[PDB]
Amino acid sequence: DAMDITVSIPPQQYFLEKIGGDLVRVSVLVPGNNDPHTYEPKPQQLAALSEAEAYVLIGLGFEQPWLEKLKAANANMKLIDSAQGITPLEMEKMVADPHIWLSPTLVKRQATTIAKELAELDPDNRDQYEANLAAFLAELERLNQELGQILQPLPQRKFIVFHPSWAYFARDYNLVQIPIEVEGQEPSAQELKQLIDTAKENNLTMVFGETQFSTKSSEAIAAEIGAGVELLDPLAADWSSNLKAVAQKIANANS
C-alpha cells in the first residue's frame, strides 16, 4: 500500500515522515556518519532503487555526482527537486551552497514542494498530504521562533566549525559561521594559525567539529586558543531536536 520513496540524506526522512506518515516507506541513500559530498552509492543500493516510486533530491547540485546512476537504476521513478524556487547562497561564487535542509524557513519551501509532488503521485490521499503539510509548516514556524529566542541575545555572533554546512542556518539567525576547512580541504599550516588568531581575537570559547569529518584540526585549534570541542551533526535524522541542540550549543559557547 505505502509508496516506496528514497531520499538522499537522513534529515529528509524526517521531512518525508512528517509529510507522508504511513502513506510512504522511506529509504535513505547516504549513511548518517558519511560525508555526503564524497559519497558514492553502493551497488546493493542502486539495485534496491528499482522498487522506488520516487526519489527526493536536495537539489542545487547536491546529487550531481550520482544523478546519471540513479536515473539508469530506475527510469520510472519520479525525481522530486525539493529546492524548486529557492534562491541559494554561493560557496565562493564555484556554485550554490546546497545545505538548505538546516534552515527551518527554507524547509517550509522544501516541504511544500514535496507534498505537492506526492499528492500528484498519489491523488487518492491528497487531502491527507495537505493536512500533514499544514501540520509540519506550523511546527516549523514554532521551531523557528524557538531557535530565534535561543540565539537572539548572544553578544558573540561568531562560531567556528570544521565543515561549513551552516550558512543558511546562520543567515536565518544572524550568526557568522567561520569555517576551518578550505575548499573541502584540511587547512594549511599557515591558515591554521591565521584561523587560530582570528579565534583568539574574537574570544571564541568553543570549537565545533562534525561527526562526518575528522575533528583533528578543531581539537588542535581548541587546545591552542583555550576552548572546548563539541560536535554538531548536520545529518541527524531527529532533525528538529538536533537543530535545537545545535542552537543551545552555540548559545552556550558564546555565553
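The numbering used is simple: start at 1 and walk along the sequence shown.
Counting the deposited residues that fall between residue 93 and residue 94 and carry no coordinates gives a value of 10 or more. Taking the mean C-alpha B-factor of each stretch as recorded, 208-216 and 24-32 are not equal, and the higher mean is that of 208-216. For the segment pair 244-252 and 3-11, the entry gives 244-252 the higher mean B-factor, averaged over Cα atoms. Sorting 85, 164, 104, 184 by the CA temperature factor given in the entry leaves 184 at the top. Of the candidates 81, 120, 130, 139, the PDB record gives 120 the highest C-alpha temperature factor. Among the modelled residues of its chain, residue 99 has a C-alpha B-factor that falls in the lowest third, as given in the PDB entry. Ranked by Cα temperature factor within the chain, residue 108 sits in the lowest third according to the deposited record.
When all modelled residues of the chain are sorted by CA temperature factor, residue 150 is found within the middle third. When the modelled residues of the chain are ordered by their C-alpha B factor, residue 192 lands in the highest third. Per-chain ranking of the deposited C-alpha B factor places residue 229 in the middle third.
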